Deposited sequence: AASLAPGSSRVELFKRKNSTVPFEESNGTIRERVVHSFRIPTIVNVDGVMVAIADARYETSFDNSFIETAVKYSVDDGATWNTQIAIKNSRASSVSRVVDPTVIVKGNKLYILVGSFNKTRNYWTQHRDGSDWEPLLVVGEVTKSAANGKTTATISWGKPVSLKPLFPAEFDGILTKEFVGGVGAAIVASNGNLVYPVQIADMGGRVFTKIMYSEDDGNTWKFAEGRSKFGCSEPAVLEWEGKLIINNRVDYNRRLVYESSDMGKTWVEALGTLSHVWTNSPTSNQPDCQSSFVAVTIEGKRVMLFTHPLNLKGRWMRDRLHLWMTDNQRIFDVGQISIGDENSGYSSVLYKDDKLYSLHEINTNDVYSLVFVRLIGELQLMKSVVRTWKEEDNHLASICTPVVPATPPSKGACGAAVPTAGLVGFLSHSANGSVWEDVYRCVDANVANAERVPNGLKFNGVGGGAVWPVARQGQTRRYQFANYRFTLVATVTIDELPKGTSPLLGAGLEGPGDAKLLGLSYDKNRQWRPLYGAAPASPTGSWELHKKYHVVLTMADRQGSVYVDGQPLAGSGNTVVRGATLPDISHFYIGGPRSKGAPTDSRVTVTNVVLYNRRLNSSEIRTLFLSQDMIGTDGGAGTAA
């Protein structure tokens, strides 16, 4: 998709300088007050009622202006809305405010956490101290009933409650100052635990993330021990296969993502899955932006939805808002869910009653409306690819392999399976069997399950970092397993590459690789180390080949058995390498002319090191895993 998928559309639900909200005077009276901007959208579903939550920024769009939490709800799928003002500010100054609503749904309830300010004019993290501030919790109770054939719903907003006396004065010996929810929608954990991602600003003004979670339903709260690197802000959270996944906003760099198996107590970065995949702009050096992050079950499959402005225009413009789906392996772009080049911003997404929606910002001359969008196109597009994965997976999980001599032996494992170049191959493109990352081929000709490479400047360029702004195979730099079948057609002139991972920047350096020489021998390249000859292939014989990288250690495989110098290092120092792509054959443009005569079929890719028992299996099954 280039822009908002046809069959999908929107209305301005919170119109700048237009939509009054019921403002409540000091003395209880209610007055329809105009609102300059509305910002910070969050749309969730409570018991069949759609709840939309935003900052009502009365006077100006400035983060530090007169604000209160506004709520619009609907029992007819956004067909009509009720408008409330859910959280009042302290009314202490011209600038008193309640900001940054963060949301947890549980049954008929809403838990909203907002920072609360009295007098300060500047950004909260720059505050001399945390004296102006209070973190308020407020519980929204939704009641459903029915009139004369109409469904009616109302919503009590409870009294706010400062969480302040539970803010530890120091974190591991770092004096805390103030904290706020991470903005947008949060989650209920598996054990029915209330789980906020918070953002914490220390006395020094530096910024980092955490998990605040309650066991007893908002009642009391505890801060989990684990945290992020500084520079993380506006974190979003979703529970996934045991762990929490914390997707952070990171100003002027890429989006760090952490996994926590132990309910926040200790965090590890999702190097081999999602971390660093998303950033703030093409150049990664512009301010970031908020992102929604939630678990939905599409077609029966458990997946993850992410929203984020490509923000080309740079700085705080946040144009081109995209939607993404991932099942923690394949990351799929579902195109753009805003209109034209327009300036979007903060966003939220909702899949309820098998319809798909987003609430999100549109800004024009720093004036802000929330658009309400029906993504009916985006959804079928989604439901489609789910099936591909669903069935492409189920297809390989019910296949019969030869009883390893020690009716079927071992399963062909799909746990971690990411990429697949099999049959479907087109003009200059080896099509992804999972539809996420494509390949760009030269000098090819089709065979059952592959492509035969014949000519000058010809080979498959399966981009990894060379994907641009969104680095979907980033994970590779920490661990991966690349697989391929090969028939070798003609003896090389001297040496000519085949299967491996190329790096970025100067020259033409490689992480890991297996070239081949004119003596019928194997050329395992292990980083910049000399690839000394070994083994003996033969022209036109079918050959399985496996590349595993984990913990910087690498091995090459020719038919189950590893190659000379297996157990080598491929990167030095604590630095993560910058794998450009993967190479099938000999593609190039800078410098040397590669001319490779191989037939390469059924190329796999996992986000981890496949094991002894798995490598042995896949090796014996390479005709039972193809497609037509």
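No C-alpha positions are given in the record for the deposited-sequence stretches 407 to 412, 635 to 641.
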